[PDB]
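*Asks:*
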Amino acid sequence: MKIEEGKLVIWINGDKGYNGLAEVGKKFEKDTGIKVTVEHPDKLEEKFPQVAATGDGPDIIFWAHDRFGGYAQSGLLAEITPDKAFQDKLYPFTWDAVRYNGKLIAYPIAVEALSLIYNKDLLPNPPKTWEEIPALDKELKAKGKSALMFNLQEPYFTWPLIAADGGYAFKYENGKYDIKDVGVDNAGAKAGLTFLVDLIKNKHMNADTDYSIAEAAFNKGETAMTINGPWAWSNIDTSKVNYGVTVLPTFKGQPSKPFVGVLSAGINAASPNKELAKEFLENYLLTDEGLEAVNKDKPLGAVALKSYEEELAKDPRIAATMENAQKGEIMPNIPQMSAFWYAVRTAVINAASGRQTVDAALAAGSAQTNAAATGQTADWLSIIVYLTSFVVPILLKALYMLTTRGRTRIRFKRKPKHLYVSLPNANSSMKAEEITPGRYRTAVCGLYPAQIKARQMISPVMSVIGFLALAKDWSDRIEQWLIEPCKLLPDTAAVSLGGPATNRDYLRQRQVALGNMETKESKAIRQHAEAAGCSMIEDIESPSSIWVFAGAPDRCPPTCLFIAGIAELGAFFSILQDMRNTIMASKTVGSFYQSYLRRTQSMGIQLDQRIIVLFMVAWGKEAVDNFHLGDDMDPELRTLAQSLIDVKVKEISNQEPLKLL
Ligand SMILES: OC[C@H]1O[C@H](O[C@H]2[C@H](O)[C@@H](O)[C@@H](O[C@H]3[C@H](O)[C@@H](O)[C@@H](O[C@H]4[C@H](O)[C@@H](O)[C@@H](O)O[C@@H]4CO)O[C@@H]3CO)O[C@@H]2CO)[C@H](O)[C@@H](O)[C@@H]1O
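Per the entry's author numbering, the sequence shown runs over residues -372 to 0, 113 to 146, 155 to 160, 172 to 254, 256 to 349, 360 to 430.
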């Protein structure tokens, strides 16, 4: 019933052999004294992330592997660490389905694919091709029957036709899926779907048809054929029916291409029974003895366990199932898959009912598939508020951790709390509130510049470009910069009291512009920061105006963007990074600026690159001369060197050995 550090709660879909699985639980209770309660709620897969985080989900979730990539990125799933020996008991390709970013996120149980099921008494010559189905329907309809009924409400069942002439979710190439290359709106997808919609319009199928009616219809002897998976076989046997299982029909001479699912078992990251769950699955469920009990309720299909699979292989129906799988494609596990299914589902319904044209349906689906695929930009107001909540020292400490070569979510830590920095995988799509390590350096720096000054936090990216020499003499350096005459521009009759123009006049002219471009979004950020104790900058001549860049943010922080002339300051250091990297490459006998530039524009600014020029002419050589090009001693040298000395200094004469210098 309830998650407790003893008890186990398991969730599995209601179309699977949950009763047989419950039998395994009873066996588990007998040997170890641990009750196993099996439930099969509707829509378990949507609710789970909602309960997973609130202490109320199951310890173990069973589903096909496609949802699990999404679960793992959110950190909802416990890491799997089976013996090397154990991996070898199950087929390797099954691990691939449940492999994400090199990490195991669930145990595979069984491989499921759709097949064509036909009544051998009614239809001893099943069709080879889809396109013959229509001619076949007229004769049978004349005898009170139909050709084919299946669930149009789930895109899984229609996808094989849609995939038949070339449709794909995401293109697989060079070992991975291209999340921006979606094939739902290609020539192939439009052809395949059109064929199905006409079957309906010609009253061969009814758009208003789901899983339960059709099984019954087939089972009642009303329809010659159905499309379903191995789980359906149990109820058909009960209905007293002679059926066959064969390859799906072809379409346009191309094989039908079902999406193949691997039934998988994930462990809830918040479960207090992680050790128990692992013990349960490998030693009880994932056994010859265990799987038969499940299989005896409703067949699982082609199981992952080699020892058991050798037995199943004798069933001719599974041979056909695996035939369809090899002609099709293994489902992705990527997070965007759910977005994909939702899109195709609406598209099938909308098209099937004639509420929209096919072109539009699949076109809209295309848009929606990339909706999740495209990279959202940050809502800093939501990031700042999340960072400001945490105490100030905890945050500062985290920055020093990002730069120690740590290596999905990295965790930072009379009430306990947990800070989470989310690393971006190449597959996952940027969220509007996803705090990346880069965005993290950005927010904190813009919030706590003066507090960074106290700790003197210069990263190994800024330390090398001589950031200290500019920092200490900053206050005196910057005023020289301001008092200096900006000859080139503006036209010199504009000062407030030297006869010549000054650079200060430029930053002024600039601030007016920024004051106009100052977005309500930015203002909102600036004020919320102050109230949280995050006192901020207001001018370039501030004690901590330059300490905003000490942490090496990827962007000009959002709390300083419209305070001239910081926005252009950024490129100054960013270029220096490009300068060194090209100096070193030159030294040998044989991009940062561009990136930084791109990111600021993402915030809606046009960098007055002239200000950058000015910053150079003043602090060019100074910053360049004091670069740290040369390398230094190796840790082995230093440690080994000092030790040898110590000995000799311990021997003659026993005096404190002073270090190497
Ligand atoms: O849109 C409203 C509907 O949303 C919910 O269904 C969604 C799921 O949340 C998605 O995960 C996805 O479902 C896929 C599923 O991921 C995939 O594994 C496959 O499911 C098979 C399953 O592998 C197989 O073992 C067997 O159980 O049949 C399933 C198919 O019925 O295919 C699903 C897509 O068809 O997309 C659906 C929506 O399409 C919610 O559960 C629904 O109740 C709701 O109506």
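All C-beta atoms, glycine included, are put in the ideal place defined by N, C-alpha and C.
In or out: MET372 buried (at least 16 other Cβ within 10 Å) or exposed?
*Replies:* Label assigned to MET372: buried.
*Asks:* Within this structure, are the beta carbons of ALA(-295) and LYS(-99) separated by less than 7 Å?
*Replies:* Yes, Cβ-Cβ distance for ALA(-295) and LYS(-99) is below 7 Å.
*Asks:* Fully enclosed by the stretch -137 to -83, which alpha helix (DSSP H) runs are 4 residues long or longer?
*Replies:* -99 to -93
*Asks:* Look up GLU(-328) in the DSSP assignment and say whether it is helix, strand or coil.
*Replies:* helix
*Asks:* Quick check on this structure: which residue in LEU(-177), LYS(-253), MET188 and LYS(-357) has the alpha carbon closest to the alpha carbon of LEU(-221)?
*Replies:* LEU(-177)
*Asks:* Can you tell me whether DSSP reads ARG263 as helix, strand or coil?
*Replies:* helix
*Asks:* What is the residue span of the alpha helix (DSSP H) that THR(-27) lies within?
*Replies:* -36 to -21
*Asks:* In three-state terms, what does DSSP make of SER(-258)?
*Replies:* strand
*Asks:* Would the C-beta of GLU(-44) count as close to ligand 1, meaning under 6 Å from any of its heavy atoms?
*Replies:* no
*Asks:* Identify which residue in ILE123, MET220, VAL(-128) and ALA311 has its Cα closest to the Cα of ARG285.
*Replies:* When the alpha-carbon of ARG285 is set against those of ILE123, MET220, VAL(-128) and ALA311, the nearest one is in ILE123.
*Asks:* Check whether the stretch 121 to 141 and the stretch 286 to 293 touch, using three or more Cβ-Cβ pairs below 8 Å as the test.
*Replies:* Cβ pair count under 8 Å is three or more, so yes.
*Asks:* Decide if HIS397 is buried, meaning its Cβ has at least 16 other Cβ atoms within 10 Å, or exposed.
*Replies:* With fewer than 16 other CB atoms across the displayed protein chains lying within 10 angstroms of its CB, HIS397 is exposed.
*Asks:* What I want to know is whether the C-beta of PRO302 ends up closer than 6 Å to one or more non-hydrogen atoms of ligand 1.
*Replies:* no
*Asks:* Whole angstroms are fine: how far does the CA of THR200 sit from the CA of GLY399?
*Replies:* If I take the Cα positions, the gap works out to 29 Å.
*Asks:* Ordered along the chain, which non-local residues of its own chain (more than five positions away) have a Cβ less than 7 Å from that of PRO(-218)?
*Replies:* Once the five neighbours on either side are set aside, the close Cβ partners of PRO(-218) are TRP(-32), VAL(-29), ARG(-28) and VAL(-25).
*Asks:* Report whether the distance from the Cβ of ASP(-307) to the nearest heavy atom of ligand 1 is below 6 Å.
*Replies:* Yes, ligand 1 has a heavy atom inside 6 Å of this Cβ.
*Asks:* Compute every distance between the C-beta of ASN(-360) and the non-hydrogen atoms of ligand 1, then say whether any falls below 6 Å.
*Replies:* yes
*Asks:* If I measure Cβ to Cβ from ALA(-104) and keep anything under 8 Å in the same chain, skipping five residues before and after, which residues do I get?
*Replies:* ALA(-321), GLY(-298), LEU(-297), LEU(-296) and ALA(-295)
*Asks:* With distances taken from CA atoms, which of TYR(-273), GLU(-369), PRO218 and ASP(-307) is nearest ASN183?
*Replies:* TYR(-273)
*Asks:* Unbroken beta strand (DSSP E) runs of length 3 or more, entirely within the stretch -243 to -183: which are they?
*Replies:* -227 to -225, -203 to -200 and -197 to -191
*Asks:* Provide the residue span of the alpha helix (DSSP H) that contains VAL(-337), from first to last.
*Replies:* Careful: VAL(-337) lies outside any alpha helix (DSSP H), inside the beta strand (DSSP E) at -337 to -334.
*Asks:* Measuring CA to CA, which of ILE(-43), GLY(-207), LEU(-352) and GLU300 is closest to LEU(-259)?
*Replies:* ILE(-43)
*Asks:* Just to confirm my understanding: we take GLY(-190), look at its own chain, exclude 5 residues before and 5 after, and list those with CB closer than 6 Å. What are they?
*Replies:* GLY(-206) and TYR(-205)
*Asks:* Under 7 Å between the Cβ atoms of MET220 and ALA311?
*Replies:* yes
*Asks:* Report whether the distance from the Cβ of residue 436 to the nearest heavy atom of ligand 1 is below 6 Å.
*Replies:* Coverage of the chain is limited to positions -372 through 430, which leaves residue 436 absent and any answer about it impossible.
*Asks:* State whether the stretch -82 to -63 contacts the stretch -142 to -135, with contact taken as three or more CB pairs (one from each stretch) at a distance under 8 Å.
*Replies:* yes
*Asks:* Looking only at its own chain, which residues have a Cβ that is under 7 Å from the Cβ of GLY324, when we skip the five neighbours before and after it?
*Replies:* For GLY324, same chain residues with a beta-carbon under 7 Å away, outside a window of 5 residues either side, are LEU266, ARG269, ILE299 and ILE380 in chain order.
*Asks:* Using C-beta distances below 8 Å, list every residue in its chain close to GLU(-91), excluding the 5 sequence neighbours before and after it, in chain order.
*Replies:* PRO(-291), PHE(-287) and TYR(-266)
*Asks:* Looking at C-alpha atoms only, which residue of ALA309, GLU297 and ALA(-301) is the closest neighbour of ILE322?
*Replies:* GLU297
*Asks:* Expressed to the nearest angstrom, what Euclidean distance is found between the alpha-carbon atoms of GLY(-356) and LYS(-346)?
*Replies:* 16 Å
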